Structures are given as structure tokens and as C-alpha cells.
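Colleague: Below are the C-alpha cells for one structure; questions will follow.
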Amino acid sequence: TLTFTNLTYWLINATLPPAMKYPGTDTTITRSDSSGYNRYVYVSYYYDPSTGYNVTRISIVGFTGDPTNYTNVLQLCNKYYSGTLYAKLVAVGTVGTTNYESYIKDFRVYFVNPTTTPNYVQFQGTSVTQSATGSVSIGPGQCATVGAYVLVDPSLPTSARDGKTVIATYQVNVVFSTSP
Amino acid sequence: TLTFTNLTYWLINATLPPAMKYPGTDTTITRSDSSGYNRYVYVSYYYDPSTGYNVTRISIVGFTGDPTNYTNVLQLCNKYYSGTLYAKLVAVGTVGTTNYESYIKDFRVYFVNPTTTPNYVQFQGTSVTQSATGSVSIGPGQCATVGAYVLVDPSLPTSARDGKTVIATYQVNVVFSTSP
Amino acid sequence: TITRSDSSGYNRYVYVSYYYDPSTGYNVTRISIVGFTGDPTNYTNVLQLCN
């Protein structure tokens with residue numbers, strides 16, 4: 001009954017995403033004990049073959065029974081879209097499983113350079129107690145820097161304190177936006 | 001035997017398509033890097049002479065290694081019909097071959113303002129995995145918006161990462177009607 | 001029975017009528033179907049034929 005179509009062509013274009021990640025400054029602590037890793041903060045990105053996400057892994061060292069605060073880990077800012085870009089962090093949840101995840105008692109990722117609405121995502125062991133943060137405005141050239149906060153329960157077994165072993169793996173998604 | 005004909009007299013004067021295609025606010029970014037194009041979304045409706053269709057060329061610049069979605073892409077928005085329009089979405093497949101189509105891991109199309117039953121047709125590279133959606137009401141005054149969701153695998157060569165080259169071309173057939 | 005039309009003059013979109021033409025003596029039946037440019041047109045119920 002008067003069924004009508006349009007037959008629309010769609011074309012797509014590919015370019016480097018405008019967010020990009022810099023390793024910050026705390027990747028040059030260059031001081032470490034016999035820990036295999038010669039640094040304290042690692043920043044690198046590899047192409048996931050399953051889904052093609054620009055995965056950016058980070059290695060953070062936490063001190064058992066003693067809270068640790070970071071002030072310069074990652075900075076986010078537009079490098080090609082020269083507009084006012086809005087960013088926000090959303091927590092996803094634990095990925096993988098090492099059965100050590102009950103031994104972490106608090107873990108937070110937050111902005112340091114721009115101060116805004118709550119500006120922290122908190123993980124209580126395996127569950128997520130803070131869903132997402134608010135937006136933040138970023139201009140051309142200036143970047144929002146991201147801190148960290150790790151606290152590991154001191155009851156961790158001695159055999160896993162040498163630093164080789166991984167005790168957690170958290171996914172957080174930071175979402176760019178053109179609106180507040 | 002007992003065969004009397006019809007001799008139909010069959011009146012046609014086609015009216016303008018009451019839906020019509022509006023660029024939306026995505027073309028109002030008006031800002032871009034030194035990538036050649038001043039705009040990211042090139043929405044334009046062109047008279048196709050090859051087969052006689054009001055084909056609309058719109059550009060959806062999908063960023064490499066990062067799933068990108070758009071909110072205000074296309075407006076199916078009745079200005080010449082005084083009733084309520086009921087539409088559903090069916091996709092065709094591929095047009096031509098850029099030899100880069102395998103680099104797409106997902107291409108699904110979901111609206112923002114109109115909300116209904118699944119409301120997304122999803123491509124899987126060259127193949128198709130979603131058939132169609134349900135009906136949605138579009139009447140006078142209330143105006144329907146079309147969205148998108150594009151993800152590109154970051155294994156694309158840097159030469160095609162400039163945004164000039166077209167990486168894929170798909171057909172979508174939206175069927176607007178006056179009845180559900 | 002579409003019974004709906006924009007500012008196109010005809011208050012309907014499908015017409016069915018028949019007149020007895022004297023030139024050929026045929027029960028010529030008149031059907032009118034509105035078209036749309038750049039747009040395939042399909043229908044469901046135009047005419048019913050049965051004894």
C-alpha cells in the first residue's frame with residue numbers, strides 16, 4: 001500500500017582518531033629493584049585482532065598495605081580536531097580472571113589538571129561502585145591529565161609480591177564528545 | 001470465451017517525496033584538521049541519472065581503531081504529507097569494491113530521537129547479519145532523526161588513513177509508508 | 001479507500017470506474033494509480049476478480 005523506498009548510498013572515511021594518548025611523565029621514574037620490569041608505569045598500545053580496538057594497556061605498580069597516589073599517567077587532548085572536545089570516563093568492569101581480584105581494596109582513575117564533577121571511578125575488588133564521571137572541556141593543545149590510586153590488601157601471598165604477577169585487569173572507557 | 005478486457009486509464013503525476021532529506025547538525029562542525037576536507041559529514045542529495053533516484057550522498061568519516069557513532073545524521077521528516085509516516089529499514093549490501101571492505105568489523109545504524117523495536121541494521125564486513133527493523137511513526141511537526149555506528153579495524157594502511165580515499169559504499173533502503 | 005491526499009487536487013489516490021464505450025462496445029474499466037518519481041511503487045489490493 002504505497003510502499004516507497006529511497007535507495008541511499010553511504011560512504012565512509014578513515015583517519016587517525018583525534019584523542020590519542022601520550023605516556024605522561026611518570027613513565028620515566030627509571031628507578032626499580034629486581035622486578036623484571038625496569039620502570040613503574042608502562043604506556044603502550046596494540047591492535048586487538050578480535051575486534052580492532054586501539055587497546056592501550058597500562059602497567060601500574062601498587063604497594064601492599066600502603067595506599068599509592070599517582071598524578072601524571074595519561075593525558076587526553078584533541079590533536080587534529082581543533083575544537084573544544086568533551087571527555088568523560090566510564091567504568092566497564094573486570095576482564096579476565098586471576099582470582100586475586102578480592103585482594104584489591106580500592107582503585108581509582110581521575111583527572112588532575114582539569115577539576116570537574118566527581119572525577120573518579122572506583123572499583124571495590126571485582127564489583128564496580130562508581131559507574132562513570134562527568135564531562136570535561138578540552139581545547140586545542142592543552143590536555144587533561146589522568147592520575148591513579150591503588151591500594152592492595154597487605155594479606156597478599158608472599159609468592160605474588162615479587163612484581164612479576166598480575167593481580168587485576170580493569171576496563172575503563174573514556175568517551176569523547178562535542179557536547180557537555 | 002467470456003473475455004472482456006480492462007483498458008485501464010492510469011493517472012500519474014508524482015508529487016515531491018514528502019520525507020525529504022535534511023543534512024542535520026553533523027555538517028555544522030565546520031572545523032577540521034589539515035586533511036583536505038573542511039567538513040566531516042558531506043550530506044547531499046543528488047539526482048541520479050543512471051536509474052532515476054533521489055539518491056543522497058552522505059559522508060560518514062569513521063575513525064580508525066575506534067568505534068564511532070553519530071547522533072544527528074539524517075532527517076526523515078514529512079513536510080509535504082499531512083499525515084503520520086510509518087517506516088522500516090532494510091539494507092542491500094555492497095556497491096562496487098574498494099578492496100578495503102574486509103577492514104570493517106561492524107556497521108550498524110540506530111536512531112536517536114525515534115525509539116522503537118531493535119532499530120538497527122548491522123553489516124559484518126561484506127556480509128549482512130541483520131535483516132530489518134520495525135515501524136516508526138513520523139507525523140507533521142514531530143521530526144525523525146537517523147543515526148549511525150561505525151567501527152574500522154586499525155590494520156588499514158596509513159595511505160588510506162588520510163580521509164580522502166573512500167573505504168566502503170553501502171546501500172540502505174528505508175521504506176516510508178502511511179500504515180504500520 | 002486511501003481517502004487521504006495532500007494538496008494534489010484528487011481527494012483520492014486510486015480510482016476505479018467503468019464506462020460502456022460505444023466505439024468498441026467494451027465494458028472498459030478505469031483504474032488510476034498515483035506514482036512517485038525516484039521511488040518504486042507497490043500495491044496490495046487493486047481489483048478483485050471472481051465469479
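Numbering starts fresh at 1 for the residues of each chain in the C-alpha cells, the chains themselves are lettered A, B, ... in the order given, and ligands are numbered from 1 as they appear.
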Residues of chain C within 7 Å of chain B, counting only C-alpha atoms, what are they? List them as a ChimeraX atom specification.
Modeller: /C:6,26-39
Colleague: Show me, as JSON, numbers by chain, the residues of chain B whose atoms get within 8 Å of chain A, using only C-alpha atoms for the distance check.
Modeller: {"B": [31, 32, 33, 34, 53, 54, 55, 56, 57, 58, 59, 60, 61, 62, 63, 64, 65, 66, 67, 105, 152, 153, 154, 155, 160, 161, 162, 163, 164, 165, 166, 167, 168, 169, 170, 171, 172, 173, 174, 175, 176, 177, 178, 179]}
Colleague: I need the chosen residues saved as a short mmCIF file (atom, residue, chain, number, x, y, z; two decimals), in the first residue's frame, with N, CA and C atoms.
Modeller:
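Okay, this is what ended up in result.cif:
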data_model
loop_
_atom_site.label_atom_id
_atom_site.label_comp_id
_atom_site.auth_asym_id
_atom_site.auth_seq_id
_atom_site.Cartn_x
_atom_site.Cartn_y
_atom_site.Cartn_z
N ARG B 31 34.67 22.54 11.18
CA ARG B 31 36.05 22.60 11.65
C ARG B 31 36.73 21.26 11.42
N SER B 32 37.96 21.31 10.93
CA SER B 32 38.68 20.09 10.59
C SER B 32 40.17 20.39 10.55
N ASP B 33 40.96 19.33 10.58
CA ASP B 33 42.42 19.41 10.52
C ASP B 33 42.87 19.62 9.08
N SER B 34 44.18 19.55 8.85
CA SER B 34 44.72 19.70 7.50
C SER B 34 44.61 18.39 6.74
N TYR B 53 16.82 8.02 -9.41
CA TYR B 53 16.51 8.01 -7.99
C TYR B 53 17.10 9.24 -7.31
N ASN B 54 16.39 9.74 -6.30
CA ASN B 54 16.85 10.87 -5.50
C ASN B 54 17.85 10.36 -4.46
N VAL B 55 18.96 9.83 -4.96
CA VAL B 55 19.99 9.24 -4.11
C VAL B 55 20.70 10.35 -3.35
N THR B 56 20.91 10.14 -2.06
CA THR B 56 21.54 11.13 -1.19
C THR B 56 22.93 10.65 -0.82
N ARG B 57 23.94 11.41 -1.22
CA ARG B 57 25.32 11.11 -0.85
C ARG B 57 25.66 11.79 0.47
N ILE B 58 25.93 10.98 1.50
CA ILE B 58 26.35 11.49 2.80
C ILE B 58 27.64 10.78 3.19
N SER B 59 28.56 11.53 3.79
CA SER B 59 29.87 11.02 4.17
C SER B 59 29.90 10.78 5.67
N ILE B 60 30.28 9.57 6.07
CA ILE B 60 30.38 9.18 7.48
C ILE B 60 31.83 8.82 7.75
N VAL B 61 32.62 9.81 8.16
CA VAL B 61 34.05 9.62 8.38
C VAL B 61 34.21 8.83 9.67
N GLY B 62 34.54 7.55 9.54
CA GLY B 62 34.75 6.67 10.67
C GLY B 62 36.22 6.62 11.05
N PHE B 63 36.50 6.82 12.33
CA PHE B 63 37.87 6.93 12.79
C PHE B 63 38.49 5.56 13.03
N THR B 64 39.74 5.40 12.60
CA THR B 64 40.39 4.10 12.61
C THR B 64 40.59 3.61 14.04
N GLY B 65 40.44 2.30 14.23
CA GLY B 65 40.69 1.67 15.51
C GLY B 65 39.80 2.13 16.64
N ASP B 66 38.70 2.81 16.35
CA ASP B 66 37.83 3.36 17.38
C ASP B 66 36.40 3.34 16.85
N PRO B 67 35.49 2.61 17.49
CA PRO B 67 34.09 2.64 17.05
C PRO B 67 33.49 4.02 17.26
N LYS B 105 34.70 -4.11 10.85
CA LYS B 105 34.24 -5.15 11.76
C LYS B 105 32.79 -4.98 12.18
N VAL B 152 36.11 0.69 12.50
CA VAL B 152 37.07 0.33 11.47
C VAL B 152 38.28 -0.31 12.12
N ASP B 153 38.71 -1.44 11.58
CA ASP B 153 39.90 -2.11 12.09
C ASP B 153 41.13 -1.24 11.81
N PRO B 154 42.03 -1.10 12.78
CA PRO B 154 43.21 -0.25 12.60
C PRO B 154 44.35 -0.88 11.82
N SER B 155 44.12 -1.99 11.12
CA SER B 155 45.13 -2.57 10.25
C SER B 155 45.17 -1.91 8.88
N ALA B 160 45.66 5.09 3.23
CA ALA B 160 44.21 5.26 3.23
C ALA B 160 43.69 5.93 4.49
N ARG B 161 44.55 6.17 5.48
CA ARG B 161 44.14 6.83 6.71
C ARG B 161 44.07 8.34 6.58
N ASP B 162 44.08 8.87 5.36
CA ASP B 162 44.08 10.32 5.17
C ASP B 162 42.68 10.91 5.12
N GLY B 163 41.66 10.09 4.90
CA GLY B 163 40.30 10.57 4.78
C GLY B 163 39.85 10.91 3.38
N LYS B 164 40.78 11.08 2.44
CA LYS B 164 40.39 11.29 1.04
C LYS B 164 39.78 10.03 0.44
N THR B 165 40.44 8.89 0.62
CA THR B 165 40.01 7.66 -0.03
C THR B 165 38.72 7.14 0.60
N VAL B 166 37.81 6.67 -0.24
CA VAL B 166 36.57 6.05 0.24
C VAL B 166 36.83 4.57 0.49
N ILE B 167 36.48 4.10 1.68
CA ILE B 167 36.82 2.75 2.10
C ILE B 167 35.67 1.76 1.90
N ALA B 168 34.42 2.22 1.88
CA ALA B 168 33.28 1.33 1.69
C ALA B 168 32.11 2.14 1.14
N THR B 169 31.17 1.45 0.48
CA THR B 169 29.97 2.11 -0.04
C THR B 169 28.82 1.10 0.07
N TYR B 170 27.83 1.42 0.90
CA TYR B 170 26.72 0.53 1.18
C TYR B 170 25.40 1.17 0.77
N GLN B 171 24.40 0.33 0.55
CA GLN B 171 23.05 0.78 0.25
C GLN B 171 22.13 0.50 1.43
N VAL B 172 21.31 1.49 1.78
CA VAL B 172 20.26 1.34 2.77
C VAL B 172 18.94 1.75 2.14
N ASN B 173 17.92 0.92 2.32
CA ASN B 173 16.60 1.17 1.76
C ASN B 173 15.60 1.37 2.88
N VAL B 174 15.30 2.63 3.19
CA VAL B 174 14.28 2.98 4.17
C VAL B 174 12.95 3.09 3.44
N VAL B 175 11.93 2.40 3.96
CA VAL B 175 10.64 2.27 3.30
C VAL B 175 9.61 3.01 4.14
N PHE B 176 9.35 4.27 3.80
CA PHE B 176 8.36 5.08 4.50
C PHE B 176 6.98 4.81 3.92
N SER B 177 6.00 4.65 4.80
CA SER B 177 4.63 4.36 4.41
C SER B 177 3.68 5.08 5.35
N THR B 178 2.41 5.10 4.98
CA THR B 178 1.38 5.73 5.80
C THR B 178 0.71 4.74 6.75
N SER B 179 1.07 3.47 6.69
CA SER B 179 0.47 2.44 7.53
C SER B 179 1.56 1.60 8.18
#
Colleague: When you look at residue A:111 with a cut-off of 9 Å (counting only C-alpha atoms), what residues show up, excluding the ones that are within fewer than 6 positions of it in the same chain? I need them as a PyMOL selection string.
Modeller: chain A and resi 71+75+119-120+144-148
Colleague: Just the selected residues (N, CA and C atoms), exported as a PDB file, in the first residue's frame, please.
Modeller:
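Result went into again_10.pdb, see below:
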ATOM      1  N   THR A  71      49.889  11.128  39.929  1.00  0.00           N
ATOM      2  CA  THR A  71      49.470  12.456  39.496  1.00  0.00           C
ATOM      3  C   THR A  71      49.648  12.707  38.008  1.00  0.00           C
ATOM      4  N   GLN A  75      47.557  11.709  29.497  1.00  0.00           N
ATOM      5  CA  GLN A  75      46.946  12.988  29.171  1.00  0.00           C
ATOM      6  C   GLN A  75      46.124  12.833  27.901  1.00  0.00           C
ATOM      7  N   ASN A 119      34.761  13.108  39.193  1.00  0.00           N
ATOM      8  CA  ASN A 119      36.125  12.915  38.700  1.00  0.00           C
ATOM      9  C   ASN A 119      36.835  11.813  39.488  1.00  0.00           C
ATOM     10  N   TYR A 120      36.203  10.641  39.506  1.00  0.00           N
ATOM     11  CA  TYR A 120      36.847   9.409  39.941  1.00  0.00           C
ATOM     12  C   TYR A 120      35.936   8.223  39.667  1.00  0.00           C
ATOM     13  N   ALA A 144      44.015  17.135  29.305  1.00  0.00           N
ATOM     14  CA  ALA A 144      43.585  16.705  30.626  1.00  0.00           C
ATOM     15  C   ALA A 144      44.415  15.502  31.050  1.00  0.00           C
ATOM     16  N   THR A 145      45.094  15.624  32.185  1.00  0.00           N
ATOM     17  CA  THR A 145      45.989  14.586  32.670  1.00  0.00           C
ATOM     18  C   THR A 145      45.254  13.684  33.652  1.00  0.00           C
ATOM     19  N   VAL A 146      45.616  12.403  33.649  1.00  0.00           N
ATOM     20  CA  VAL A 146      44.894  11.367  34.374  1.00  0.00           C
ATOM     21  C   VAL A 146      45.809  10.776  35.435  1.00  0.00           C
ATOM     22  N   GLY A 147      45.326  10.737  36.675  1.00  0.00           N
ATOM     23  CA  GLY A 147      46.057  10.153  37.782  1.00  0.00           C
ATOM     24  C   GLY A 147      45.688   8.704  38.021  1.00  0.00           C
ATOM     25  N   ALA A 148      46.069   8.207  39.195  1.00  0.00           N
ATOM     26  CA  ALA A 148      45.753   6.841  39.587  1.00  0.00           C
ATOM     27  C   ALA A 148      45.816   6.735  41.103  1.00  0.00           C
TER      28      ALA A 148
END
Colleague: So that I can check the surroundings of residue A:180, please list as a PyMOL selection string every protein, DNA and RNA residue that reaches within 12 Å of it, counting only C-alpha atoms and ignoring chain neighbours fewer than 5 positions away.
Modeller: chain A and resi 84-88+116-117+134-138+175
Colleague: Env of residue B:123: 6 Å cut, atoms = only C-alpha atoms, seq-sep filter 6 positions within chain, self excluded. Answer as a count of residues only.
Modeller: 3
Colleague: For the structure I just gave you, how does DSSP split stretch 12-115 of chain B - specifically, which residues are strand (DSSP E or B)? Reply as JSON, numbers by chain.
Modeller: {"B": [22, 44, 45, 46, 47, 48, 53, 54, 55, 56, 57, 58, 59, 60, 61, 62, 63, 64, 68, 69, 70, 71, 72, 73, 74, 75, 76, 85, 86, 87, 88, 89, 90, 91, 92, 93, 94, 104, 105, 106, 107, 108, 109, 110]}
Colleague: Atom CA of residue A:143 and atom CA of residue A:124 are how many Å apart?
Modeller: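 So the two atoms, atom CA of residue A:143 and atom CA of residue A:124, lie 28.6 Å apart.
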Colleague: Calculate how many Å separate atom CA of residue B:130 from atom CA of residue A:92, rounding to one decimal.
Modeller: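 We find that atom CA of residue B:130 and atom CA of residue A:92 lie 26.4 Å from each other.
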